[PDB]
Each structure stands twice: as structure tokens, then as C-alpha cells.
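# Examination of the molecular architecture
In case you want the letters, here they are:
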Amino acid sequence: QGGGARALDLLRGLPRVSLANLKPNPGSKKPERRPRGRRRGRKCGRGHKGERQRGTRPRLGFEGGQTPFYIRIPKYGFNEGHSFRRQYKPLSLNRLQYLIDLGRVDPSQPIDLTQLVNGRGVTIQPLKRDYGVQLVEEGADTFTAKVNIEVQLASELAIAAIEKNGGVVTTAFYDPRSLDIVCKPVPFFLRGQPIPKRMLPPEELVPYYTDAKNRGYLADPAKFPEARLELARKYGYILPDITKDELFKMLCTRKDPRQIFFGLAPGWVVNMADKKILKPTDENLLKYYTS
Amino acid sequence: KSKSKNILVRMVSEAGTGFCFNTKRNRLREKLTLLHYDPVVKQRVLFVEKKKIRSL
Amino acid sequence: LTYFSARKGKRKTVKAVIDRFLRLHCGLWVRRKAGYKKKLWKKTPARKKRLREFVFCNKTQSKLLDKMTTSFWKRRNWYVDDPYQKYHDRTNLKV
Amino acid sequence: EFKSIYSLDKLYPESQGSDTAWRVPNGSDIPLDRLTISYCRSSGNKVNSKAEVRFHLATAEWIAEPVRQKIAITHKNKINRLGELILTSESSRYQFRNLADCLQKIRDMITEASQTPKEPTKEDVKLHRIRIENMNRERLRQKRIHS
Amino acid sequence: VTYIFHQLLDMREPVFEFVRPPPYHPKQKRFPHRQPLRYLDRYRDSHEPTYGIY
RNA sequence: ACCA
RNA sequence: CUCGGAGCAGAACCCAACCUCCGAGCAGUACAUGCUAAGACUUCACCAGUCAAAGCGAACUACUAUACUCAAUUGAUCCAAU
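Residues numbered from 1 in each chain as written, not as in the entry; some residues may be left out. Chains lettered and ligands numbered in written order. Part of a larger assembly, values for the part shown. Heavy atoms only, no water.

Deposited coordinates in this entry are attributed by the record to cryo-EM, at a stated resolution of 2.4 Å.

As C-alpha cells, then:
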């Protein structure tokens with residue numbers, strides 16, 4: 001009601017918009033400065049003799065011969081091995097809750113990397129050495145949704161917030177190839193390769209993922225009841241019985257350790273053109289993909 | 001350069017912690033035994049000279 | 001500096017800088033102090049302690065170290081158990 | 001469903017079953033119903049929140065009677081007019097972690113009372129001033145003229 | 001004294017604390033040249049990790 | 001013994 | 001040819017000279033000359049250099065002490081030895 005319509009009706013009485021009466025937005029096209037005329041010619045902004053006017057001053061960091069600042073500081077391994085450190089995109093319980101409240105992540109089904117990427121909840125960069133998402137606690141007080149969520153790292157307080165609401169959380173490892181596939185399935189399927197096996201963690205990560213306190217995906221299921229009970233005592237909530245819930249079957253869904261996608265096995269070829277799936281039946285191949 | 005009176009020597013903890021420290025002593029003096037604070041065990045213990053680091 | 005590489009037409013990082021300085025995402029650079037491992041026998045404990053600090057660079061040095069490193073070295077990282085993680089963002093800083 | 005040689009069924013053969021991980025162990029120390037938990041946003045200059053756990057120490061039955069007596073002494077200054085033992089934590093911005101500290105204090109008061117440590121602790125600086133001030137107050141104590 | 005406040009005076013026992021002024025810090029600079037890394041801890045409000053938009 |  | 005003290009340069013600071021003078025490239029005591037941390041100084045940049053409450057450990061009842069006397073008494077990075 002106003003300026004909006006006031007512009008289109010103001011256009012009715014103006015000459016036709018053509019290729020002859022266009023112009024850039026004021027302030028968008030700064031003028032070029034050319035070395036011509038009194039102000040900008042003559043020495044042309046370059047000063048008088050020396051190295052600078054002749055374009056031959058030394059490189060960046062050189063100080064005229066004094067041992068330069070960036071060389072006289074001692075080497076220290078601030079950045080040593082930076083390229084082999086694993087990084088985890090943090091997912092907040094504020095951001096997770098927001099994604100569910102806006103309908104971009106569906107809590108009625110299991111939530112793994114594919115659902116978070118497809119809901120545009122996190123952006124994963126395996127080429128920048130991302131190893132998955134770390135579930136961080138920020139927003140734990142106001143988190144109410146019950147989810148079955150699979151991440152790579154999770155804080156105890158983040159786990160408590162999930163499990164206090166009746167949800168389930170498991171931590172699962174993805175190797176960089178498996179991670180790239182799980183993050184963008186369609187581009188991988190357009191390679192026409194059999195679905196590979198998800199590799200195991202490296203040794204240094206085997207203790208994390210075989211530990212029930214982290215809800216590790218290689219951890220002993222019989223040890224989970226105790227660990228879930230400990231956080232409830234620690235943080236002062238009553239552990240719900242999720243076996244009594246109607247979504248209990250959904251809450252129990254976990255990929256096999258060697259499995260990248262729910263419902264698809266290693267060694268299958270997805271034929272998106274014909275909407276078919278090709279399964280090998282050769283024994284040697286079949287033994288390879290189940291091992 | 002030729003003149004030399006003192007030397008730098010390493011004093012290792014007798015507490016077995018592996019803690020070491022450096023002190024100067026007269027070259028002609030005898031090997032040093034000292035009571036020095038050892039942070040690993042958090043108490044003063046004996047240290048014995050082991051090696052001359054350099055000449056001062 | 002290499003402003004344009006012969007193979008990629010790209011500016012190159014001065015690797016001397018990477019081996020000596022830490023870039024925090026906020027744009028601060030952290031160095032060790034020169035001489036913190038030299039002739040400790042003649043330095044007082046107060047001086048030795050000063051020499052062991054990790055210290056910040058001034059604006060001029062920061063601007064210089066920014067120009068000698070490419071964009072990769074300014075990205076936010078999410079290293080697990082990064083000792084410097086809390087130092088990447090500023091708090092209560094006015095002007 | 002796909003299963004590989006690393007199925008949890010195969011890795012932990014004795015832990016099979018869908019409920020194994022989700023059973024509630026049958027074998028109730030601190031009853032949360034018996035506590036009054038309250039949450040305030042302390043000064044929110046403070047980013048940290050504040051949790052408050054209060055329960056009537058006398059009525060408390062989950063605490064052994066002797067302990068309830070001993071606690072009432074060593075924490076007199078935490079008992080209000082009504083007899084409620086009040087505990088507060090504000091060392092976290094998360095109510096979970098403040099309540100966890102509140103409950104751990106309750107859980108500590110009990111353990112401390114039952115142990116009854118007789119070890120001679122090192123004298124604090126502030127105590128030394130009181131001991132001397134206390135010693136020189138029983139030095140001015142007189143007697144009755146006619147005993 | 002608690003008995004006096006509770007019984008005789010019929011009131012709650014008032015409790016006081018000796019509160020010291022907050023410590024002084026100079027105004028935070030964008031570039032704290034030559035200050036130790038913990039200079040940032042002097043102007044921090046919380047010890048727990050933050051995450052911003054994430 | 002004597003590289004930086 | 002580096003570093004200190006004095007004059008020039010009288011009184012906050014700074015101040016040149018193939019200017020005027022005099023010095024230093026150590027000794028001695030310790031063996032907590034251990035740790036840690038507010039706030040500051042600063043040789044006109046930087047680098048380097050300096051002083052320090054509180055705290056932790058110690059020490060402890062009559063100048064000493066969580067930072068020895070002393071003016072300088074000194075050498076970055078890389079690299080090497082371990």
C-alpha cells in the first residue's frame with residue numbers, strides 16, 4: 001500500500017524502457033584513473049627516482065637488509081600436521097531443533113549425514129578434511145525433539161539432551177571416501193561404481209567408537225543400558241523407556257558398520273536411469289562386499 | 001678465550017625424576033652436590049653433577 | 001612473493017611464515033619470542049618466563065603475514081581438541 | 001537387512017536382541033520427586049545461569065537419620081527458616097550442568113557425613129586468627145567470688 | 001544469633017558477604033601487540049565453548 | 001673436536 | 001664499527017659531531033637465581049629489553065624477600081649436538 005504501486009503507475013507516463021536510456025546504479029561504477037593531464041600525469045603517482053619510481057623495489061617482507069621480522073622469529077609447530085588433523089562441522093542443538101521446527105529435517109525417520117546435508121543443515125567438506133559432524137551442546141536447555149540421530153562425535157551433555165527427550169544417538173565413523181558418498185549420493189551414483197564398503201576407524205579412533213559412553217556404533221549394546229542410566233543420574237532426569245514408544249522400531253534403526261546407506265548393501269549398483277538396482281551374485285564378489 | 005675459571009655443569013636429580021638444571025662452579029672446585037627443588041616430586045632433594053656443559 | 005605462479009597463475013604462500021606463526025580466525029597472529037631457547041643459563045627466571053609466552057603481532061605485522069599467505073590459511077577450521085579453539089573468536093571488543 | 005562380518009550381532013554374540021541396549025536396569029538413590037529444582041537466570045552481566053535445589057532435610061527419608069542429623073550441623077548455614085537445605089550452582093550457562101553440580105553437592109554432603117573423617121587437616125590461615133582470638137577470650141574468663 | 005532472628009525477632013536470618021570491586025582491565029585493543037595469549041581470557045565472559053551460527 |  | 005656512565009644537553013622526556021672524558025665483552029653469592037599471574041615501563045619502528053601486586057609452593061620472629069649483589073658484563077634465525 002504505497003511506494004510499490006506508486007512506482008509502476010509512475011512508469012506508465014514515462015518513455016519506454018529501451019536499450020537507449022539505461023544506466024548503472026549510482027556509486028556502482030567508480031571512474032578509471034588514467035595518467036593523463038596535470039593532476040595524474042607527469043610523474044603519475046610513482047614519485048621521483050629510487051627503486052619505487054622505477055618499479056624495482058624489493059619483495060614483500062624484505063626490510064632493506066635487516067634480518068626480517070618473519071625470519072628472525074623461531075620456527076614453532078603451530079601448523080605442523082594441520083593437513084592430517086580431522087575436522088568436524090559442529091551441529092548445535094539450537095540448529096538441529098530449528099531444522100526440525102522448519103520441516104527441513106524429518107524426526108520421524110533416522111537422521112544421518114544424508115538428511116542433514118539434504119536439509120541444508122550442515123555443509124561438509126571432505127576435501128578440507130572434514131570427518132563428519134560433531135554434535136555440540138549449545139542449545140541443550142531448550143531442545144525438546146526426540147530423534148534417532150547418527151553423528152561422528154557427540155558431547156555428553158548433547159547426548160543427555162537427546163536421551164532426556166526419549167531419543168537415540170549413536171556415533172559412527174566415516175572414512176573420507178565413504179563420507180563424500182554419504183554427503184552427495186546422487187553424484188556418486190552418476191559414477192556407475194558399486195557401492196563401496198565403509199572402512200573401519202584407524203586405531204587411534206577405535207577406542208572412541210567401541211566405547212558405550214560415546215554411544216559408539218562399534219560399542220557393545222549390552223553396555224548401553226548402564227551408560228544411559230549414568231547420564232540420567234548425573235544430569236537429574238528420568239531415563240524414559242523407549243521400548244514402550246510407538247516409534248521404537250524407528251529409534252533402533254542402525255546401519256551395519258560396513259554400510260553407508262540405510263537399506264543398500266555394499267556392491268550394489270544404483271541405476272537411476274531405469275530406477276533399478278543391480279546386485280552381484282558371484283561368490284567371490286559377494287564374499288568381498290560382505291567382509 | 002684462553003682464560004677460564006668457571007664451567008657450566010648439569011645437575012641431575014637424585015630422586016630419579018630425570019629433572020636436570022645447570023649451574024656454574026669454579027673449574028678447580030670439586031664436583032657439586034646440592035640440595036635443590038625438584039618440581040616432579042615437589043620437594044628439595046640431592047642433585048649430583050654429571051657432565052660439564054661448557055667453559056665460561 | 002609469487003603473485004602469479006607459472007603453472008596455475010595463482011599467488012603462492014610463503015612457507016617461512018607458516019612454520020613460525022599461527023593465524024587465529026579473528027585475524028590475529030601468534031608467534032613465539034625470539035631467543036627463548038638460547039643461552040638460558042644467563043637469563044633471569046623473569047626473563048625466561050617472558051621468553052616462553054605466546055604473543056600477538058601488531059597490525060603492521062598482521063597485515064604483512066596476511067599478504068604472505070593465501071586464503072586457505074584464513075579459513076575457519078574445526079580441529080578436534082584444538083588447544084587454541086577458544087581464541088579464534090573475539091569477545092566484548094569495541095572499535 | 002544387510003549384515004557384514006562386523007554386525008554387532010557377530011561382534012557381541014551374547015548381547016543380541018533388539019531391547020538389549022534399551023532395557024532399564026532394575027538394579028533409586030536420590031529421588032528427584034523429593035527435590036524442588038528451580039532455575040533462575042542470574043544476572044541474565046553473567047552468561048552463566050543458576051540452578052537451585054532445595055529439600056527439607058528433616059523430612060528427607062532417603063537420607064539415613066544419623067546423616068540427616070550430622071548434615072544439619074555441618075551445613076547449618078544452608079538450612080533456611082523452614083528447614084530446607086538449599087544448594088545453588090551458577091558455574092555453567094547450561095541448566096543441565098548446574099543441576100548436575102547441585103545434585104553432586106547433595107551426593108557429597110551424604111558421603112562426607114557418613115565417612116566421618118578424623119584426619120587432622122592443615123590449619124587454614126583464617127583459622128589461626130580465630131584460634132588466638134578464641135584463646136584470649138577464655139583467658140579473660142573469671143570465676144565466681146564465692147565458690 | 002540464628003535463634004534470635006528466627007524465634008525472638010520472628011524474621012529470616014540476614015546474611016552478608018564482603019564483596020570486592022571488580023578487577024580493572026584496560027580497554028581491549030583489536031591488536032594486543034606483545035601481550036600473552038591469555039590476554040583474551042581477561043575479556044572473556046564464559047569458559048564453555050561457543051559455536052555462533054552453527 | 002670447533003658445523004651454524 | 002656493539003654495549004654502558006658523565007659533559008655538551010643547567011629544570012619532563014628526546015637530541016648530533018673523524019666532539020670532550022671514563023668504562024664493559026666479567027666476577028661473586030646462591031641453589032625456590034622454583035612456579036604462576038593483575039597492572040605497567042620501554043632507548044623514538046620492529047625485534048629485543050625492563051618492573052611488578054595477588055596466587056601456588058617454599059622460607060620465616062627482628063634489611064630483607066614468591067623477582068640476589070652489580071652499570072655495561074652482550075649475539076637473532078636457520079642449522080648442529082643431545
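### Observations concerning the overall build of chain C
Within chain C one finds 3 helices and 3 strands. Tracing chain C from N to C terminus, the helices and strands come up as α-β-β-α-β-α. Compactness check: chain C gives a C-alpha radius of gyration of 16 Å against a globular reference of 12 Å for 95 residues, more than 25% above the reference. Seen along its three principal axes, the alpha-carbon backbone of chain C occupies a region of about 50 × 35 × 30 Å. Counting only residues that meet the buried cut, chain C has 45% of its 95 residues in that class. Sequence separation of at least 24 residues holds for 54% of the intrachain contacts in chain C that already meet a minimum separation of 6. (Helix = DSSP H or I, 4+ residues; strand = E, 2+ residues; numbered from the N terminus. Rg over C-alpha atoms; globule rule 2.2 N^0.38 Å. Buried < 20%, exposed > 50% of the residue type's maximum accessible area, 1.4 Å probe, protein only. Contact = heavy atoms within 4.5 Å.)

### Side note on the interface of chain D and chain A
Between chain D and chain A, the contact holds 30 residues from the first and 42 residues from the second. Together chain D and chain A conceal approximately 3200 Å² of surface at their shared face, both sides included; 64% is due to carbon and sulfur atoms. For the chain D face of the interface with chain A, the top three residues by lost area are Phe2(D), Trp22(D) and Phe96(D), together amounting to 29%. Among the ionic pairs, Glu137(A) bridges to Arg97(D), the shortest N-O distance being 2.5 Å. Top contributing element to the side of chain D that touches chain A by residue count: helix α3 (residues 95-115) of chain D, with 7 residues. (Buried area = accessible area lost by both parts, 1.4 Å probe. Salt bridge = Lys/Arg side-chain N within 4 Å of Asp/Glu carboxyl O.)

### A short note on the sheet that holds strand β1 (residues 87-92) of chain A
Note on sheets: strands pair through backbone hydrogen bonds, and any given pair is parallel or antiparallel. Residue and element names in this part refer to chain A. Spatially, 3 strands are ordered β1-β2-β4 in an open sheet, and the strand pairing comes out parallel. Each of the sheet's edge strands pairs with one partner strand only, and the pair in question is β1 and β4 (153-154). By the bridge criterion, 2 bridges tie strand β2 (residues 130-136) to β4 in an arrangement that is parallel. Looking at the pairing, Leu135 lines up with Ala154 of β4. (Pairing = 2+ DSSP bridges.)

### Details of the protein's contact with RNA strand G
As a structural note, the neighbourhood of RNA strand G is formed by 41 residues, with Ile71(A), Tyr37(B), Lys49(C), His25(E) and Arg42(E) the closest of them. When the atoms of RNA strand G within 4 Å of the protein are sorted by group, sugar and phosphate make up 69%. Contacts to RNA strand G include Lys24(B), whose side-chain N or O atom sits 2.8 Å from a base nitrogen. Taking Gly35(C), its main chain carries an N or O atom lying 2.9 Å from a phosphate oxygen of RNA strand G. Counting only elements with at least two residues in the surface near RNA strand G, the list comes to α2 (69-72) of chain A, β2 (20-26) and β3 (33-38) of chain B together with α2 (45-51) of chain C. Here the surface near RNA strand G gets 5 residues from one element, more than from any other, and that element is α2(C). (Near = heavy atom within 4 Å. Polar contact = N/O pair within 3.5 Å; in protein donor to acceptor, adjacent residues only side chain to side chain.)

### Thoughts on the pairing of strand β1 (residues 6-13) of chain B
Residues and elements named next belong to chain B. The buried fraction of β1 is high, at 6 of 8 residues. The loop that links β1 with its antiparallel partner β2 comprises 6 residues; one of these, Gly16, has a positive phi angle of about 75°. With 6 bridges joining them, β1 and strand β4 (residues 43-55) adopt antiparallel strand pairing. Directly across from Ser13, in β4, lies its bridge partner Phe47.

### Description of a positive patch on the surface
A contiguous patch of positive charge, built from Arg54(B), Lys37(C), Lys38(C), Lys39(C), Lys42(C), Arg47(C) and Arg50(C), is present on the exposed surface. Its location among the elements puts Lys38(C) in the loop between β2 (29-31) and α2. (Patch = residues over 30% accessible without salt bridge, like charges linked within 9 Å, V, L, I, M, F, W, Y side chains within 5 Å. Areas by Shrake-Rupley, 256 points an atom, 1.4 Å probe, with all protein chains shown as cover. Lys, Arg positive; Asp, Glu negative; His and termini not counted. Charge placed at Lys NZ, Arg CZ, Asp CG, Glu CD.)

### A closer look at the packing of aromatic side chains
Following the criterion strictly, the structure yields 22 aromatic pairs over all chains and no others. Between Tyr131(A) and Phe173(A), the aromatic rings sit 6.4 Å apart at their centres with planes inclined by 50°, giving tilted as the arrangement. Highlighted residues: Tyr131(A) in strand β2 and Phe173(A) in the loop between β5 (168-171) and α6 (176-183), separated in sequence by 42 residues. Both rings, one in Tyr208(A) and one in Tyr209(A), keep their centres 5.0 Å apart while their planes meet at 75°; by these two values the pair is edge-to-face. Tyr209(A) gets classed as buried once you look at its relative accessible area, which sits at 0%. Among the aromatic residues, ring-to-ring pairing joins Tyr88(A), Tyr131(A), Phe173(A), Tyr208(A), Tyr209(A) and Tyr217(A) into one connected group. If you follow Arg85(A) out to its NZ or CZ, it ends over the ring of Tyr79(C), 4.8 Å from the centre. Against the face of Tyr76(A) rests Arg32(C), its NZ or CZ located 4.4 Å from the ring centre. (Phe/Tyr/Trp six-rings, centres within 6.5 Å; stacked < 30°, edge-to-face > 60°. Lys NZ or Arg CZ within 6 Å of the ring centre and 35° of its normal.)

### As for the packing of helix α9 (residues 224-235) of chain A against α3(D)
Where α9(A) meets α3(D), the axes come as close as 7 Å, and the angle between the chain directions of the two elements is 85°. For the element pair α9(A) / α3(D), the angle class is roughly perpendicular. Residues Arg233(A), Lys234(A) and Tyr235(A) of α9(A) form the contact with α3(D), whose participating residues are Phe96(D), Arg97(D), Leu99(D), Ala100(D), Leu103(D) and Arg107(D). Classifying every residue of the contact of α9(A) with α3(D) by side-chain character gives 5 nonpolar, no polar and 4 charged. (Axes fitted to C-alpha atoms, helices over the stretch in contact; angles between N-to-C directions. Parallel < 35°, antiparallel > 145°, perpendicular 65-115°, else oblique. Nonpolar A, V, L, I, M, F, W, Y, C, P; charged D, E, K, R; others polar.)

### A short note on the nonpolar core
Among soluble globular proteins, nonpolar side chains are generally buried collectively. If you look at the biggest cluster of nonpolar residues, it comprises 60 residues, and the most contacted ones within it are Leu93(A), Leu116(A) and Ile149(A). Ranked by residue count, the leading element in this core is helix α5 (residues 156-164) of chain A, at 6 residues. Among the nonpolar cores identified, the runner-up in size contains 19 residues, and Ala51(D), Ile71(D), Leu87(D) and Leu103(D) belong to it. (Core = buried A, V, L, I, M, F, W, Y, C linked by side-chain atoms within 4.5 Å.)

### A few points about unusual backbone geometry
Phi is positive for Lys49(A), which is not a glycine, with a value near 60°. Position of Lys49(A) among the secondary structure elements: in the loop between α1 (3-12) and α2. We classify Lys49(A) as partly exposed; its relative accessible area is 47%. With a phi angle near 40°, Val95(C) is a residue other than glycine that sits in the positive phi range. Positionally, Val95(C) belongs in the segment after α3 (59-67).

### A look at the sheet that holds strand β2 (residues 50-56) of chain D
Residues and elements named next belong to chain D. A sheet is described by the order of its strands in space; here 3 strands give the open sequence β1-β2-β3, paired in antiparallel fashion. Taken across any chain shown, the strands that pair with only one partner, and hence form the sheet edges, are β1 (36-40) and β3 (84-89). Averaged over all neighbouring strand pairs, the angle between strand axes comes to 20°, with direction disregarded.

### Some points on empty space enclosed by the protein
A water-sized probe, rolled over the atoms, reveals where empty space remains. In this structure, the largest cavity encloses a volume near 40 Å³. Lining the largest cavity are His82(A), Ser83(A), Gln87(A), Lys128(A), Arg129(A), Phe72(C), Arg75(C), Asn77(C) and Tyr79(C). Per-class residue counts for the lining of the largest cavity are 2 nonpolar, 4 polar and 3 charged. In this model, the second largest cavity occupies a volume close to 30 Å³. The wall of the second largest cavity is formed by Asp89(C), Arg90(C), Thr91(C), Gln28(E), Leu40(E) and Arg44(E). Grouping the constituent residues of the lining of the second largest cavity by class yields 1 nonpolar, 2 polar and 3 charged. (1 Å grid on protein atoms, 1.4 Å probe; cavity = no way out; pocket = protein on both sides within 12 Å on 5 of 7 lines; lining within 4 Å. Points joined across faces, edges and corners; volume = space filled by probe spheres on them.)

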